[PDB]
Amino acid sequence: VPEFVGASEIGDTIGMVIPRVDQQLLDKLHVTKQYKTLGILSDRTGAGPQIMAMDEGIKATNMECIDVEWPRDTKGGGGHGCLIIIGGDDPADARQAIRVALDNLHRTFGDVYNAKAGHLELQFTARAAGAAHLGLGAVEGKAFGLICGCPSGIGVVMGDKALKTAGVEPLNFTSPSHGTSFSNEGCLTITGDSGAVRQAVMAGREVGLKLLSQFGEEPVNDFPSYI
């Protein structure tokens, strides 16, 4: 079908574009602004990595991020899936943004670490765009970090360490009962100077790996770290 753009085994992620959406359907979608041309990125496993990949798609095109929704999923693991809707006036521009997001998944899964007992996720950008803003609460135009661990108490200690490492501005802390879809994740989000934000995210990574390893298995990443 013409609406299909591509699919990836990374997170069971599918990208599609609707050139002219039915108006009655559009009136039922919870979007920030209606556009007739929609891009759709949808996955079983991952929230942060697809959101950061879509930020690159936004930087590369005239598309706007208009909805981010939050399935509890990861196919039985402890985290989220993701639905991201983008909007613009040009179907070609929408396909390009979805293609760029698909091509960035192997990078944004760079600091996702898996084990039988749980997982860690780290994200970093020197300049956040629209998807990171709508999806993760980033301040647009500024540095952003994300520091997350599962089961959730690991994320609390990762967060304590990150804040003690450098002078950064906390945006939010989300947990199983507040700001997640009852996931088993503790997540610190921050802004500040880019060098300080990087320092804090790297500190969180080191303590998170040490703690998750105490269940007996070295946490494994499937792609090279970008941070």
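Counting begins at 1, following the sequence as shown.
Judged by mean Cα B factor in the deposited record, 25-33 ranks above the other of 181-189 and 25-33. The entry lists C-alpha B-factors for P170, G159, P176, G46, and the highest of these is at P170. Residue-level temperature factors show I14 in the lowest third of its chain, judged at the C-alpha atom. Annotation for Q123: CA B-factor lies in the lowest third of the chain's modelled residues. Looking at the C-alpha B-factors along this chain, the one for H80 belongs to the lowest third.
In the PDB entry, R95 places in the middle third of its chain by CA B-factor. Ranked within its chain, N62 lands in the highest third, by CA B factor from the PDB record.
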